[PDB]
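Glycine also receives a Cβ, built like all others from the backbone with ideal geometry; neighbour counts cover every protein chain displayed. The numbers here are math on the coordinates, done by the rules we state, and not lab data.
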Amino acid sequence: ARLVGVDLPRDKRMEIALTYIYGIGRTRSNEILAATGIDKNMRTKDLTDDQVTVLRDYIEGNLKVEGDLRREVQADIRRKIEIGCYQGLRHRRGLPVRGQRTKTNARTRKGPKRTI
Amino acid sequence: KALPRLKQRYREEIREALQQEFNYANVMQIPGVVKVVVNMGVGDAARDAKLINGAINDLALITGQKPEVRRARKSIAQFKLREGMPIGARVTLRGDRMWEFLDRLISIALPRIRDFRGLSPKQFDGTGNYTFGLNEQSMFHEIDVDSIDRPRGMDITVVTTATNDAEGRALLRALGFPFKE
Amino acid sequence: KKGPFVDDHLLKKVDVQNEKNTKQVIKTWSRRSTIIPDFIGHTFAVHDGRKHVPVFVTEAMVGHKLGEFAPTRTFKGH
Amino acid sequence: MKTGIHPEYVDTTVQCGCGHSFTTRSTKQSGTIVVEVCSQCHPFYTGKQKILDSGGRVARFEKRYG
RNA sequence: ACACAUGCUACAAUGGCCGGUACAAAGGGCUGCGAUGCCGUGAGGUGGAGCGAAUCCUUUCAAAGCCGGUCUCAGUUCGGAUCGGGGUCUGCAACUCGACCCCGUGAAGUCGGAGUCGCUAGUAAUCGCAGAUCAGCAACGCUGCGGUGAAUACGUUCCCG
Ligand SMILES: [Mg+2]
Ligand SMILES: [Mg+2]
């Protein structure tokens, strides 16, 4: 259902359903449920409005919203690219930032296997 | 409920606010909402002639009227089109239905947008007529979340009797239009 | 872990900056003082002999030389 | 308006977790709409949160402590 | 911006996650191992009984293995890489300069064509343990170890020696 802007699965447990958010996953949802006092074995078809609101405000207070995290990643990436460092150079060239193999690997970051 | 909520509150509060903000020096000169034109942006025609029915059904349950289709005014070569094909469906709300749609929108749709920031007030033409758009689909709670197959946004233009963009901005501000500066 | 080249001057400067909690650039003069854990991301304007460039130090940068983010030996070839 | 080319039109009351009550004509025959959002914009705070989340200097500071 | 060689991860139900459980041989230790505790999601900050050799970690020894709950056979609770935020072990100095932990991010991979490799009984397969050097690791590699452990073997017409 509508929690922060994303829809949850139809028939799935809570700890796996909360993974749809860009800032919550399996263990994060488990910790949130443990802190809020909600079970994790419940399906995604028996939720209450009060529980929805309490979880929403709890995540908004402890963590930040999915869009917040998205645009924060974007802003950090563009900032580290504009400062003009090694990370920025690698991001501009489409190469790994953590300094790993780049001879034949790094296709996950360079895109499909292109040959020219 | 002789009059809708928006019409009732505008008959006195918005009218007095506008008359105090701009001295018109005579009655009948205060700006007022004339109509609301909602058009379903389409153009996938020439490749699928079924989604037009879905667009019409979406305009239905969103506006208390039967939308009509506007045919191609001219055949284009680059974009696949043909003179006479139904390209887009519109509704022209006015009166009690217009006020009802406006208040329902302002109350449910705008706060329902994902990552909603607001509406820009610069979307004003040279005649105090506002224009904005719903991006993907399903901003109102009349259509089921699962009853929709693909996103089909729309464009809503409120035509009021505001001779100036400043007058239109003041009218919308008096109304429940959330603006961001 | 013995006493490193901590640049006592820079160390005390960073200590007082952390105490007063005023986010501002610190004009440094050394280039090999990135060791003591007391440097809470204090942005050092380093002196490479030519000018002072403002560069903020990061986590992976913890440990590296102060003036080593960009190539200090300016040379491209073209 | 014509005879029946449009769907039913009846009044409906909208509720919220904060107690905000609204009433307007719509197509819902149930006449009750329990919604999680009404004329009280939590985006008003969500935007300031979007803005406050920014800042890389503070992250550098904290996660360095070096 | 690419190609070749050798290994790991897998591609899902003989499966994934959580809780409870049993035996193996092999030792790395003197500026190294380091059990009980304090607090920690966890690397780990406090640290010492004990060691030129059974009082001490590698446990009075692990994984596959057995019992219960759940996922309902799908790009997913399979797979884990890139990437961002919160940290740790070494040494003065880890983006170019290791490894490891927590949170999110969730791409290719649906057992693979032309071609080709290893295996005759404790063999293949599968699982982990330990070590050579380092204060700090690229170590998935190279060597030894054993846990559970299969089917075929008309025959040399036939590809290679
Ligand atoms: Mg609300
Ligand atoms: Mg499948």
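Report yes if some residue within the range D:38-55 is outside any loop (DSSP other than H, G, I, E, B) and either within 14 Å of chain C (Cβ to nearest Cβ) or closer than 23 Å to B:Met98 by Cβ (or both); otherwise report no. No, the range D:38-55 contains no residue that is outside any loop (DSSP other than H, G, I, E, B) and either within 14 Å of chain C (Cβ to nearest Cβ) or closer than 23 Å to B:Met98 by Cβ (or both).
Residues checked against (1) loosely packed, with under 11 Cβ neighbours inside 10 Å; (2) part of a loop (DSSP other than H, G, I, E, B); (3) over 11 Å from the mean Cα position of the chain (by Cα):
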| site | (1), (2), (3) |
| --- | --- |
| C:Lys2 | yes, yes, yes |
| C:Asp15 | no, no, yes |
| C:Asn18 | no, no, yes |
| C:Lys23 | no, yes, yes |
| C:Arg31 | no, yes, no |
| C:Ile36 | no, yes, yes |
| C:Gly41 | no, yes, no |
| C:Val46 | no, no, no |
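C:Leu11 satisfies every condition listed in (1) within 15 Å of RNA strand E (Cβ to nearest atom); (2) within 11 Å of chain D (Cβ to nearest Cβ); (3) more than 21 Å from A:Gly88 (Cα to Cα) except (2). Cβ-Cβ contacts under 9 Å between residues 6 or more apart (or on different chains), taken from a first residue in the range B:99-124 that is within 14 Å of chain A (Cβ to nearest Cβ) and on the phi > 0 side of the Ramachandran plot to a second residue that is part of a loop (DSSP other than H, G, I, E, B) and surrounded by 20 or more Cβ atoms within 10 Å (Cβ to Cβ), are listed as B:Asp115/A:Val65.
If you go through the range A:1-20 and pick out every residue that is free of Cβ contacts under 8 Å to residues at least 24 places away in the same chain, more than 14 Å from every other protein chain (Cβ to nearest Cβ) and not polar (S, T, N, Q), you end up with 2. Selection within the range A:36-90: residues that are within 16 Å of ligand 1 (Cβ to nearest atom) and either hydroxyl-bearing (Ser, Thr, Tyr) or outside any helix (DSSP H, G or I) (or both). The member of this set that is surrounded by the fewest Cβ atoms within 10 Å (Cβ to Cβ) is A:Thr53.
Which count do you get for residues in the range A:74-104 that are touching a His at 6+ places or on another chain (Cβ under 8 Å) and more than 9 Å from RNA strand E (Cβ to nearest atom)? Number satisfying all stated conditions: 1.
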